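So this block is start-v5.txt, compact mmCIF, C-alpha atoms and all ligand atoms:
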```
# COMPACT_ATOMS: atom_id res chain seq x y z
CA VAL A 17 -71.04 -7.46 62.87
CA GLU A 18 -72.58 -10.87 62.22
CA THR A 19 -72.31 -13.66 64.77
CA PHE A 20 -72.36 -17.33 63.78
CA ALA A 21 -72.39 -20.58 65.73
CA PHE A 22 -69.65 -23.08 65.02
CA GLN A 23 -70.90 -26.43 63.81
CA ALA A 24 -71.10 -28.71 66.85
CA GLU A 25 -68.18 -30.85 65.70
CA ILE A 26 -65.92 -27.81 65.30
CA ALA A 27 -66.94 -26.41 68.69
CA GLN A 28 -66.02 -29.80 70.12
CA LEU A 29 -62.67 -29.84 68.32
CA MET A 30 -61.83 -26.36 69.62
CA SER A 31 -62.68 -27.37 73.20
CA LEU A 32 -60.48 -30.45 72.84
CA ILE A 33 -57.59 -28.29 71.62
CA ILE A 34 -58.10 -25.80 74.42
CA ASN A 35 -58.61 -28.28 77.25
CA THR A 36 -56.41 -31.30 76.49
CA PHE A 37 -53.03 -31.43 78.18
CA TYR A 38 -50.51 -31.33 75.33
CA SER A 39 -47.09 -29.71 75.75
CA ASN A 40 -46.04 -29.71 72.09
CA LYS A 41 -47.89 -26.48 71.31
CA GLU A 42 -45.31 -25.17 68.86
CA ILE A 43 -46.84 -27.17 66.01
CA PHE A 44 -49.48 -24.44 65.55
CA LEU A 45 -46.97 -22.48 63.49
CA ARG A 46 -46.24 -25.35 61.12
CA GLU A 47 -49.98 -25.84 60.59
CA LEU A 48 -50.65 -22.18 59.78
CA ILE A 49 -47.65 -21.96 57.47
CA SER A 50 -48.89 -25.09 55.71
CA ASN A 51 -52.31 -23.49 55.25
CA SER A 52 -50.63 -20.38 53.82
CA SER A 53 -48.61 -22.57 51.49
CA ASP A 54 -51.82 -24.24 50.28
CA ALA A 55 -53.43 -20.84 49.63
CA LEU A 56 -50.34 -19.70 47.71
CA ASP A 57 -50.39 -22.90 45.64
CA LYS A 58 -54.01 -22.11 44.72
CA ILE A 59 -53.42 -18.58 43.43
CA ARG A 60 -50.27 -19.76 41.64
CA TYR A 61 -52.25 -22.45 39.84
CA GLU A 62 -55.09 -20.10 38.89
CA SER A 63 -52.57 -17.53 37.65
CA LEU A 64 -51.10 -20.05 35.21
CA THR A 65 -54.18 -19.81 33.00
CA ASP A 66 -55.26 -16.30 34.00
CA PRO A 67 -52.26 -14.05 34.79
CA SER A 68 -54.59 -11.14 35.60
CA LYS A 69 -55.34 -12.87 38.90
CA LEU A 70 -51.99 -11.57 40.10
CA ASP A 71 -52.96 -7.97 39.36
CA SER A 72 -53.66 -7.82 43.09
CA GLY A 73 -50.03 -8.70 43.79
CA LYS A 74 -47.45 -10.82 41.99
CA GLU A 75 -45.35 -11.71 45.03
CA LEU A 76 -46.18 -15.07 46.57
CA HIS A 77 -44.82 -15.25 50.11
CA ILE A 78 -45.35 -15.55 53.85
CA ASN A 79 -44.58 -12.99 56.56
CA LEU A 80 -44.31 -13.75 60.27
CA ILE A 81 -44.90 -10.64 62.36
CA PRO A 82 -44.42 -10.69 66.12
CA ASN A 83 -45.60 -7.73 68.20
CA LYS A 84 -44.77 -7.81 71.91
CA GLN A 85 -46.72 -4.64 72.68
CA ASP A 86 -49.99 -6.10 71.34
CA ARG A 87 -48.97 -9.65 72.32
CA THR A 88 -49.77 -10.87 68.81
CA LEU A 89 -48.11 -13.14 66.27
CA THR A 90 -49.48 -12.61 62.78
CA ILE A 91 -49.06 -15.06 59.91
CA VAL A 92 -49.53 -13.28 56.59
CA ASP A 93 -49.74 -14.80 53.13
CA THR A 94 -50.44 -13.43 49.67
CA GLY A 95 -52.40 -16.53 48.77
CA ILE A 96 -55.77 -16.84 47.09
CA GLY A 97 -57.63 -15.36 50.06
CA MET A 98 -61.18 -16.18 51.10
CA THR A 99 -64.62 -14.96 50.11
CA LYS A 100 -67.16 -14.14 52.81
CA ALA A 101 -68.79 -17.49 52.05
CA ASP A 102 -65.42 -19.27 52.43
CA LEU A 103 -64.85 -17.61 55.80
CA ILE A 104 -68.21 -18.68 57.13
CA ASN A 105 -67.73 -22.16 55.68
CA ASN A 106 -64.92 -22.94 58.13
CA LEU A 107 -62.29 -20.83 56.37
CA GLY A 108 -62.37 -22.83 53.14
CA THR A 109 -61.71 -26.12 54.92
CA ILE A 110 -63.67 -29.37 55.24
CA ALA A 111 -63.72 -28.94 59.01
CA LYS A 112 -66.85 -30.97 59.80
CA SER A 113 -65.73 -34.18 58.08
CA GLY A 114 -62.10 -33.52 58.99
CA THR A 115 -62.90 -33.23 62.69
CA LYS A 116 -64.69 -36.60 62.56
CA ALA A 117 -61.71 -38.31 60.96
CA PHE A 118 -59.34 -36.59 63.38
CA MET A 119 -61.44 -37.61 66.40
CA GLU A 120 -61.30 -41.24 65.28
CA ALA A 121 -57.54 -41.15 64.76
CA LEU A 122 -57.05 -39.75 68.26
CA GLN A 123 -59.02 -42.66 69.67
CA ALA A 124 -56.69 -44.88 67.65
CA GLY A 125 -53.41 -43.64 69.08
CA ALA A 126 -53.03 -40.46 67.03
CA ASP A 127 -51.85 -37.30 68.76
CA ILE A 128 -52.72 -33.64 68.35
CA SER A 129 -49.65 -33.01 66.16
CA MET A 130 -51.33 -34.97 63.35
CA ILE A 131 -54.22 -32.49 63.16
CA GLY A 132 -53.00 -31.17 59.79
CA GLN A 133 -53.45 -34.56 58.13
CA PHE A 134 -57.22 -34.07 58.48
CA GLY A 135 -57.56 -30.59 57.01
CA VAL A 136 -58.27 -28.85 60.32
CA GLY A 137 -54.81 -27.58 61.26
CA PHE A 138 -56.10 -24.01 61.50
CA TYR A 139 -57.75 -24.74 64.84
CA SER A 140 -54.37 -25.64 66.34
CA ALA A 141 -54.04 -21.85 66.64
CA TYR A 142 -56.04 -22.25 69.86
CA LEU A 143 -53.14 -24.12 71.43
CA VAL A 144 -51.48 -20.73 71.90
CA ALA A 145 -54.10 -18.03 71.17
CA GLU A 146 -56.98 -16.85 73.34
CA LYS A 147 -58.41 -15.00 70.33
CA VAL A 148 -57.80 -15.38 66.62
CA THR A 149 -58.59 -12.71 64.04
CA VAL A 150 -58.42 -13.58 60.35
CA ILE A 151 -58.27 -10.73 57.82
CA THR A 152 -58.74 -11.85 54.24
CA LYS A 153 -59.09 -10.55 50.68
CA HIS A 154 -60.02 -12.68 47.67
CA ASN A 155 -59.97 -11.29 44.13
CA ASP A 156 -63.72 -11.93 43.89
CA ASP A 157 -64.85 -10.11 47.06
CA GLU A 158 -64.28 -7.33 49.63
CA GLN A 159 -61.92 -7.51 52.62
CA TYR A 160 -63.35 -9.25 55.70
CA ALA A 161 -62.39 -9.91 59.31
CA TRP A 162 -63.33 -13.22 60.95
CA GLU A 163 -62.84 -13.46 64.71
CA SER A 164 -63.30 -15.97 67.51
CA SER A 165 -62.29 -16.51 71.12
CA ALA A 166 -63.86 -19.95 70.90
CA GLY A 167 -66.85 -20.52 73.18
CA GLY A 168 -68.96 -21.75 70.27
CA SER A 169 -69.21 -18.65 68.08
CA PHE A 170 -67.31 -16.55 65.58
CA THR A 171 -68.00 -13.18 63.98
CA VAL A 172 -67.60 -11.79 60.49
CA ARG A 173 -67.51 -8.12 59.49
CA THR A 174 -66.22 -6.04 56.62
CA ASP A 175 -62.71 -4.76 57.27
CA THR A 176 -62.15 -1.10 56.44
CA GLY A 177 -58.68 -1.07 57.94
CA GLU A 178 -55.49 -1.36 55.91
CA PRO A 179 -56.46 -2.82 52.51
CA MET A 180 -54.34 -5.93 51.84
CA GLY A 181 -54.48 -6.51 48.11
CA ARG A 182 -54.94 -10.27 48.24
CA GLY A 183 -54.36 -13.01 50.77
CA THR A 184 -54.94 -13.81 54.42
CA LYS A 185 -53.59 -12.60 57.75
CA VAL A 186 -54.02 -14.83 60.78
CA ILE A 187 -53.62 -12.71 63.91
CA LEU A 188 -52.93 -14.77 67.00
CA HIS A 189 -53.72 -12.96 70.23
CA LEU A 190 -51.47 -15.06 72.45
CA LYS A 191 -52.32 -16.48 75.85
CA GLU A 192 -50.42 -14.72 78.62
CA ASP A 193 -48.18 -17.75 79.18
CA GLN A 194 -47.36 -18.34 75.51
CA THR A 195 -45.31 -15.20 74.80
CA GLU A 196 -42.26 -17.28 73.90
CA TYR A 197 -43.75 -17.34 70.39
CA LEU A 198 -42.96 -13.64 70.02
CA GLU A 199 -39.23 -14.18 70.55
CA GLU A 200 -37.18 -14.13 67.36
CA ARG A 201 -34.97 -17.06 68.33
CA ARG A 202 -37.96 -19.23 69.21
CA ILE A 203 -39.76 -18.47 65.96
CA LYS A 204 -36.60 -19.15 63.93
CA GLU A 205 -36.14 -22.43 65.76
CA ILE A 206 -39.70 -23.56 65.04
CA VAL A 207 -39.55 -22.58 61.37
CA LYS A 208 -36.28 -24.46 60.90
CA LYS A 209 -37.60 -27.50 62.77
CA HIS A 210 -40.98 -27.93 61.07
CA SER A 211 -41.14 -25.64 58.02
CA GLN A 212 -37.65 -25.85 56.55
CA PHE A 213 -38.68 -26.74 52.99
CA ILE A 214 -41.76 -24.55 52.39
CA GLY A 215 -41.81 -23.52 48.71
CA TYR A 216 -42.35 -19.83 49.38
CA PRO A 217 -40.17 -17.22 51.11
CA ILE A 218 -40.83 -16.79 54.82
CA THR A 219 -39.78 -13.45 56.25
CA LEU A 220 -39.58 -13.07 60.02
CA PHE A 221 -40.16 -9.39 60.84
CA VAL A 222 -37.98 -7.70 63.45
CA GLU A 223 -39.03 -5.63 66.44
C1 LIG B 301 -56.73 -26.38 50.63
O1 LIG B 301 -56.99 -25.27 49.85
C2 LIG B 301 -57.28 -24.07 50.46
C3 LIG B 301 -56.62 -22.91 50.08
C4 LIG B 301 -56.92 -21.71 50.71
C5 LIG B 301 -57.86 -21.68 51.73
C6 LIG B 301 -58.20 -20.40 52.43
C7 LIG B 301 -57.09 -19.47 52.80
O2 LIG B 301 -56.78 -18.58 52.03
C8 LIG B 301 -56.42 -19.63 54.12
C9 LIG B 301 -57.09 -20.34 55.11
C10 LIG B 301 -56.50 -20.56 56.34
CL1 LIG B 301 -57.37 -21.44 57.54
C11 LIG B 301 -55.22 -20.09 56.61
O3 LIG B 301 -54.62 -20.35 57.83
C12 LIG B 301 -54.54 -19.39 55.62
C13 LIG B 301 -55.13 -19.17 54.38
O4 LIG B 301 -54.42 -18.47 53.43
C14 LIG B 301 -58.51 -22.85 52.11
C15 LIG B 301 -58.22 -24.04 51.48
```
Show how you would write the structure in this file as structure tokens.
Amino acid sequence: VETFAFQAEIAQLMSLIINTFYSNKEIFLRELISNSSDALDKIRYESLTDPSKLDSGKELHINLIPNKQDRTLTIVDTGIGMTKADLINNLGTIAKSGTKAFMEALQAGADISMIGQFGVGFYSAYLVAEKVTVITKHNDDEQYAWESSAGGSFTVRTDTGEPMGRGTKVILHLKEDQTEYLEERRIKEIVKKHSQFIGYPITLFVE
């Protein structure tokens, strides 16, 4: 297991997300679904010129998997996935420069719900999760698990568990007081409210 320090700006963003009073937590789901949609767009585009890139799975979709026993909500996509380098590099995002822009917007009347406009929506996961585990498989690499409970560090290891094929799973280990996000009716409500027109099928798994 390798342990890495977050860039200072990202550590600061995560503390802001964790510590700022902000009731509208439900937007985390919209942000993660948007990220999945972006990853699916990428593999779709690459597959246009090289169809073999779908050998690892032709279906382009998103699964939402609640598990009350483990207190987890998992967002799964069959998008492009991430290399080990991608994972370490802030999960393929421009998080350092994005955090700066986001910080400035906040000082200029922006609110936390606009986090996605700055390419750092992933970190909104920490509105509801005490720990986030990201399992990922890119065509060009092995399967990895990224993990962080904030506090300034994240880990990366190879993942020998259930091979995925291609894509990314974001596993939200929910805070004790945020279990509403495991209820079917609540998840449906949030998807309809914020993610109604996503261009890929979203399947909400049943318990
Ligand atoms: C904007 O283009 C990108 C496309 C894909 C990625 C990486 C990626 O696969 C991925 C990253 C995050 Cl955090 C996520 O919640 C879901 C994802 O599926 C990163 C950037």
Please give the centre and size of the box around ligand LIG 301 (chain B) (axis-aligned, containing every atom listed in the file, 5 Å added per side), with values in Å to one decimal and written as AutoDock Vina command-line options.
```
--center_x -56.5 --center_y -22.4 --center_z 53.8 --size_x 14.1 --size_y 17.9 --size_z 18.0
```
- Judged by all atoms listed in the file, the minimum distance to residue 131 of chain A among A:39, A:146, A:82, A:111 is found for A:111
- Query: How many Å lie between atom CA of residue 211 of chain A and atom CA of residue 150 of chain A, rounded to one decimal?
  - Reply: 21.2 Å
- Determine the nearest neighbour of residue 134 of chain A from the options A:191, A:147, A:202, A:112, counting all atoms listed in the file.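 Under the stated criterion, the closest residue is A:112.
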Each chain A residue no farther than 7 Å from ligand LIG 301 (chain B), nearest pair in Å, all atoms listed in the file, as CSV:
```
residue,atom,partner,partner_atom,distance
A:48,CA,B:LIG301,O3,4.8
A:51,CA,B:LIG301,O3,4.7
A:52,CA,B:LIG301,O4,4.3
A:54,CA,B:LIG301,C3,5.0
A:55,CA,B:LIG301,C4,3.8
A:58,CA,B:LIG301,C3,6.0
A:93,CA,B:LIG301,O4,6.0
A:95,CA,B:LIG301,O4,5.4
A:96,CA,B:LIG301,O2,5.3
A:97,CA,B:LIG301,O2,3.9
A:98,CA,B:LIG301,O2,5.1
A:107,CA,B:LIG301,CL1,5.1
A:108,CA,B:LIG301,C14,4.0
A:109,CA,B:LIG301,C15,5.3
A:138,CA,B:LIG301,CL1,4.9
A:183,CA,B:LIG301,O4,6.1
A:184,CA,B:LIG301,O4,4.8
A:186,CA,B:LIG301,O3,6.3
```
- Message: Every residue with an atom at most 8 Å from (-41.2, -8.5, 61.9) (file coordinates; all atoms listed in the file) is what I'm after, so could you write them as a PyMOL selection string?
- Response: chain A and resi 79-83+219-223
- Query: residue 117 of chain A: which residues within 12 Å, counting all atoms listed in the file, same-chain residues fewer than 4 positions away excluded, as a VMD selection string?
  - Reply: chain A and resid 25 29 110 to 113 121 to 124 126 130 to 136
- What is the distance between atom CA of residue 84 of chain A and atom CA of residue 196 of chain A, in Å to one decimal?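 It comes out at 10.0 Å.
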- Query: Suppose you want the space between atom CA of residue 206 of chain A and atom CA of residue 42 of chain A; what is it in Å?
  - Reply: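 These atoms are spaced 7.0 Å apart.
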